[PDB]
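Some notes on the structure that comes next.
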Amino acid sequence: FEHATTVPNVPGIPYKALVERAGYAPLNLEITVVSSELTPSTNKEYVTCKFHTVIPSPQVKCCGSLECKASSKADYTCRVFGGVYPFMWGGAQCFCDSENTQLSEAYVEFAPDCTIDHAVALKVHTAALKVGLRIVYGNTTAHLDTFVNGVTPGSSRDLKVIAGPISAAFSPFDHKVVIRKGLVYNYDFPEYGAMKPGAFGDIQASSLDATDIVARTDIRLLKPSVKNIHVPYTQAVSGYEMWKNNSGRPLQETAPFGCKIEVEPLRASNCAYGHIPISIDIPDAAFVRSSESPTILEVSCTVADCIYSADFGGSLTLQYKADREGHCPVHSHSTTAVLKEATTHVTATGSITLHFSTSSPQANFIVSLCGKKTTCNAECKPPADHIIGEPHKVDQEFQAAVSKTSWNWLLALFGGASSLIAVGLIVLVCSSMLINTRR
Amino acid sequence: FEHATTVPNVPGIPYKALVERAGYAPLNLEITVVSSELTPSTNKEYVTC
Amino acid sequence: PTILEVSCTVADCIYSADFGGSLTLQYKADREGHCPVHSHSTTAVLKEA
């Protein structure tokens with residue numbers, strides 16, 4: 001039976017449903033998103049990190065001239081200085097006062113420590129929500145993973161499931177994202193090759209192992225104005241370190257919907273966003289023929305002490321009579337209430353003390369027991385503790401958020417205001433017809 | 001879970017209340033003041049005889 | 001345990017400082033066990049709990 005329903009995309013929440021085929025008995029269905037692994041499609045724009053300004057050993061032509069040459073190295077820059085007459089500890093390193101030039105040279109390369117303390121820039125073209133689902137149907141159950149797309153079904157042995165499209169398309173990753181030592185930051189990094197000095201990504205390459213690194217750290221070669229040989233290099237503060245100091249907190253602690261964030265591959269885990277359209281290809285052998293299931297003769301309900309809370313703050317006792325003992329499914333036909341239990345034993349007579357959690361202050365919901373339906377209602381009170389360590393298993397249907405004791409006043413006062421809107425016209429009709437009867 | 005109630009300030013009398021822990025089955029609660037010790041703040045003024 | 005049905009029939013009783021009152025309750029329950037018993041009304045307190 002290819003049943004279908006919408007499941008709330010909240011991790012660990014046991015959503016419950018009931019399937020009512022014609023000839024087969026009612027069967028309990030419950031779903032929980034045990035995991036979500038929203039992984040975006042991504043590619044490496046560039047790696048970036050601290051750079052080891054290498055200022056290579058300078059070159060000299062003691063009596064002649066020199067000229068720089070082009071090079072592929074990152075931010076490679078050169079100047080030829082005249083009249084340098086440089087010295088080393090041995091003494092003067094050249095034999096001409098004039099006619100002597102210094103070829104200073106500078107370039108940048110990834111520091112040896114970039115093997116680990118480095119960042120990688122990634123784009124997130126799109127993200128597909130792959131949710132691991134725990135599914136239980138009748139007494140049997142299976143654990144499987146599915147993609148919330150509505151195109152590719154997730155099948156676990158005989159049980160096949162199709163999920164999606166997600167109710168609300170969502171992703172925590174901004175179009176640009178940067179990864180650093182397992183942390184994730186949504187910094188709007190500049191495009192490949194678009195390096196700017198001192199900002200993030202001032203040096204970039206496709207890989208730390210690459211030999212085509214490029215950079216633009218505004219490195220400047222000053223005029224050697226000292227007796228000993230020197231290459232006075234002045235450059236912008238290392239952009240990677242500057243960003244590291246001002247990155248703000250990582251998305252890993254600020255992503256919406258409480259999503260945990262993990263690398264390898266980049267993904268958002270346990271996001272609690274929207275709802276997941278679910279359809280299940282339940283194998284027929286899971287059901288039993290209606291007459292095979294115990295069936296009630298008479299049922300009644302009593303609910304007491306209930307409290308609207310994320311906890312199962314409600315308690316109710318259902319009284320029943322049934323054709324025979326056995327196991328029965330139980331469910332709530334009102335989504336404003338959900339039961340803790342799901343299946344119970346039953347007897348020719350007796351009662352089941354069920355547990356439930358509800359948001360509406362009135363426990364006004366139709367409980368279904370073994371295919372029968374019985375109304376239950378009672379005043380539920382606000383919890384004594386304003387905070388609970390558990391997510392709510394229900395959402396406030398505004399139609400029931402107003403208590404009967406409060407909805408009472410709405411449905412009372414909205415009526416009376418209209419009470420005379422027609423009476424004036426009725427009096428007009430009466431007087432006019434009296435005139436037409438006497439005129 | 002916490003509960004609160006007023007209690008008659010009478011020694012030896014076992015006061016009794018019922019805690020209605022929502023979905024948990026209620027629990028009896030007898031509050032019994034074994035003794036009271038109203039201690040005034042005091043300072044010695046002087047000894048005399 | 002929890003009780004499906006219950007009713008109160010008070011025996012002869014005396015309003016006094018002591019437990020001069022006695023009452024009885026018929027009950028129907030789902031199973032055996034120690035249920036709590038208490039008086040929600042402030043003007044009366046049960047000896048048993």
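Just remember, in the structure tokens the first chain shown is A, the second B, etc., residues are 1-based per chain, and ligands are 1-based in the order shown.
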
TODO: Considering only C-alpha atoms, extract the chain B residues located within 12 Å of chain A and return them as a ChimeraX atom specification.
DONE: /B:1-4,19-26

TODO: At a cut-off of 12 Å, list the chain C residues touching chain B, using only C-alpha atoms, as a PyMOL selection string.
DONE: chain C and resi 1-3+17-18+33-42+44-49

Please produce a file of those selected residues containing N, CA and C atoms, as a compact mmCIF listing (two decimals), in the first residue's frame.
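Written output follows (result.txt):
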# COMPACT_ATOMS: atom_id res chain seq x y z
N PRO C 1 -1.19 2.17 39.69
CA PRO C 1 -2.60 1.92 39.42
C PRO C 1 -3.36 3.23 39.30
N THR C 2 -4.54 3.13 38.70
CA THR C 2 -5.46 4.26 38.65
C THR C 2 -6.87 3.70 38.72
N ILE C 3 -7.78 4.49 39.25
CA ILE C 3 -9.14 4.05 39.49
C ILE C 3 -10.08 4.58 38.42
N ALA C 17 -11.44 18.32 66.84
CA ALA C 17 -9.99 18.40 66.67
C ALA C 17 -9.41 17.05 66.27
N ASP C 18 -9.95 15.97 66.81
CA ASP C 18 -9.45 14.64 66.51
C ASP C 18 -10.11 14.08 65.25
N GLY C 33 -2.09 -1.62 43.97
CA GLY C 33 -0.97 -0.76 44.28
C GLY C 33 -1.35 0.31 45.28
N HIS C 34 -0.33 1.04 45.72
CA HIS C 34 -0.50 2.12 46.69
C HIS C 34 -0.92 3.43 46.03
N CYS C 35 -2.22 3.67 45.98
CA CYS C 35 -2.68 4.97 45.51
C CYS C 35 -2.56 6.00 46.64
N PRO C 36 -2.32 7.26 46.30
CA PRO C 36 -2.37 8.30 47.32
C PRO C 36 -3.82 8.69 47.58
N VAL C 37 -4.07 9.16 48.79
CA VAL C 37 -5.38 9.66 49.17
C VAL C 37 -5.20 10.96 49.93
N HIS C 38 -6.04 11.94 49.61
CA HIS C 38 -5.90 13.25 50.21
C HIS C 38 -7.21 14.01 50.02
N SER C 39 -7.39 15.05 50.82
CA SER C 39 -8.54 15.93 50.71
C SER C 39 -8.09 17.25 50.10
N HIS C 40 -8.62 17.56 48.92
CA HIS C 40 -8.29 18.83 48.31
C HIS C 40 -8.90 19.99 49.09
N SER C 41 -10.01 19.75 49.78
CA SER C 41 -10.63 20.80 50.57
C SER C 41 -9.79 21.13 51.80
N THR C 42 -9.65 22.43 52.06
CA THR C 42 -8.84 22.89 53.18
C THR C 42 -9.47 22.56 54.54
N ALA C 44 -10.85 19.90 55.60
CA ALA C 44 -10.84 18.51 56.03
C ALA C 44 -9.52 17.85 55.66
N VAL C 45 -9.04 16.99 56.54
CA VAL C 45 -7.79 16.26 56.32
C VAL C 45 -8.00 14.81 56.71
N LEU C 46 -7.51 13.91 55.87
CA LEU C 46 -7.60 12.49 56.13
C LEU C 46 -6.43 12.04 56.99
N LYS C 47 -6.70 11.07 57.87
CA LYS C 47 -5.63 10.51 58.69
C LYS C 47 -4.68 9.69 57.83
N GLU C 48 -5.22 8.71 57.11
CA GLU C 48 -4.41 7.95 56.18
C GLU C 48 -3.94 8.84 55.04
N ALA C 49 -2.82 8.45 54.44
CA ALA C 49 -2.31 9.14 53.26
C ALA C 49 -2.07 8.20 52.09

Open item on the list: I'd like to know which residues of stretch 215-379 of chain A are strand (DSSP E or B) (by DSSP, run on the backbone); could you write them as a count of residues only?
Closed with: 75

TODO: Define the interface residues of chain A facing chain C as those within 9 Å, counting only C-alpha atoms, and report them as a ChimeraX atom specification.
DONE: /A:302,317,319,350-353

- [ ] List the neighbours of residue A:325 out to 9 Å using only C-alpha atoms; skip same-chain residues closer than 3 positions along the sequence, and give me the result as a PyMOL selection string.
- [x] chain A and resi 294+322+345-349

Given the selection you just returned, output its residues as a file containing C-alpha atoms, formatted as a short mmCIF file (atom, residue, chain, number, x, y, z; two decimals), in the first residue's frame.
data_model
loop_
_atom_site.label_atom_id
_atom_site.label_comp_id
_atom_site.auth_asym_id
_atom_site.auth_seq_id
_atom_site.Cartn_x
_atom_site.Cartn_y
_atom_site.Cartn_z
CA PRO A 294 -9.25 -7.77 17.79
CA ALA A 322 -13.33 -6.02 22.65
CA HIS A 345 -2.36 -5.37 24.46
CA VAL A 346 -6.13 -5.60 24.84
CA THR A 347 -8.70 -7.77 26.60
CA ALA A 348 -12.40 -8.50 26.39
CA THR A 349 -12.78 -5.72 28.96
#

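Take atom CA of residue A:212 and atom CA of residue A:68: the distance between them is 19.6 Å.
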
Tell me, as a PDB file with N, CA, C and O atoms, in the first residue's frame, which residues lie within 8 Å of stretch 150-163 of chain A, counting only C-alpha atoms; anything in the same chain fewer than 5 positions away does not count.
ATOM      1  N   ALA A 142      12.226  -0.663  10.196  1.00  0.00           N
ATOM      2  CA  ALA A 142      13.478  -0.647   9.459  1.00  0.00           C
ATOM      3  C   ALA A 142      14.138   0.718   9.576  1.00  0.00           C
ATOM      4  O   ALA A 142      13.471   1.741   9.750  1.00  0.00           O
ATOM      5  N   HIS A 143      15.463   0.715   9.480  1.00  0.00           N
ATOM      6  CA  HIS A 143      16.265   1.928   9.448  1.00  0.00           C
ATOM      7  C   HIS A 143      16.879   2.064   8.065  1.00  0.00           C
ATOM      8  O   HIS A 143      17.519   1.128   7.573  1.00  0.00           O
ATOM      9  N   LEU A 144      16.682   3.220   7.441  1.00  0.00           N
ATOM     10  CA  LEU A 144      17.180   3.440   6.094  1.00  0.00           C
ATOM     11  C   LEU A 144      17.446   4.921   5.882  1.00  0.00           C
ATOM     12  O   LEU A 144      16.982   5.772   6.643  1.00  0.00           O
ATOM     13  N   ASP A 145      18.192   5.215   4.823  1.00  0.00           N
ATOM     14  CA  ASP A 145      18.503   6.579   4.425  1.00  0.00           C
ATOM     15  C   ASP A 145      17.840   6.894   3.093  1.00  0.00           C
ATOM     16  O   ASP A 145      17.767   6.040   2.206  1.00  0.00           O
ATOM     17  N   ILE A 276       8.819  17.188   5.673  1.00  0.00           N
ATOM     18  CA  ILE A 276       9.257  16.294   4.608  1.00  0.00           C
ATOM     19  C   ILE A 276       8.048  15.530   4.080  1.00  0.00           C
ATOM     20  O   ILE A 276       7.442  14.749   4.825  1.00  0.00           O
ATOM     21  N   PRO A 277       7.661  15.724   2.819  1.00  0.00           N
ATOM     22  CA  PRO A 277       6.606  14.896   2.220  1.00  0.00           C
ATOM     23  C   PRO A 277       7.101  13.462   2.109  1.00  0.00           C
ATOM     24  O   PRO A 277       8.129  13.197   1.485  1.00  0.00           O
ATOM     25  N   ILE A 278       6.369  12.540   2.716  1.00  0.00           N
ATOM     26  CA  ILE A 278       6.751  11.137   2.731  1.00  0.00           C
ATOM     27  C   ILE A 278       5.665  10.284   2.097  1.00  0.00           C
ATOM     28  O   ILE A 278       4.471  10.515   2.309  1.00  0.00           O
ATOM     29  N   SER A 279       6.089   9.296   1.317  1.00  0.00           N
ATOM     30  CA  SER A 279       5.216   8.244   0.825  1.00  0.00           C
ATOM     31  C   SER A 279       5.926   6.921   1.063  1.00  0.00           C
ATOM     32  O   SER A 279       7.138   6.812   0.854  1.00  0.00           O
ATOM     33  N   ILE A 280       5.172   5.918   1.499  1.00  0.00           N
ATOM     34  CA  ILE A 280       5.731   4.628   1.882  1.00  0.00           C
ATOM     35  C   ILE A 280       5.062   3.520   1.086  1.00  0.00           C
ATOM     36  O   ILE A 280       3.830   3.476   0.989  1.00  0.00           O
ATOM     37  N   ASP A 281       5.875   2.626   0.518  1.00  0.00           N
ATOM     38  CA  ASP A 281       5.369   1.450  -0.189  1.00  0.00           C
ATOM     39  C   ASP A 281       5.364   0.290   0.805  1.00  0.00           C
ATOM     40  O   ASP A 281       6.203  -0.611   0.774  1.00  0.00           O
ATOM     41  N   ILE A 282       4.389   0.332   1.709  1.00  0.00           N
ATOM     42  CA  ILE A 282       4.264  -0.677   2.770  1.00  0.00           C
ATOM     43  C   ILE A 282       3.977  -2.046   2.169  1.00  0.00           C
ATOM     44  O   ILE A 282       3.029  -2.187   1.372  1.00  0.00           O
ATOM     45  N   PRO A 283       4.745  -3.082   2.511  1.00  0.00           N
ATOM     46  CA  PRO A 283       4.451  -4.425   1.995  1.00  0.00           C
ATOM     47  C   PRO A 283       3.156  -4.955   2.596  1.00  0.00           C
ATOM     48  O   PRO A 283       2.929  -4.853   3.802  1.00  0.00           O
TER      49      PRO A 283
END
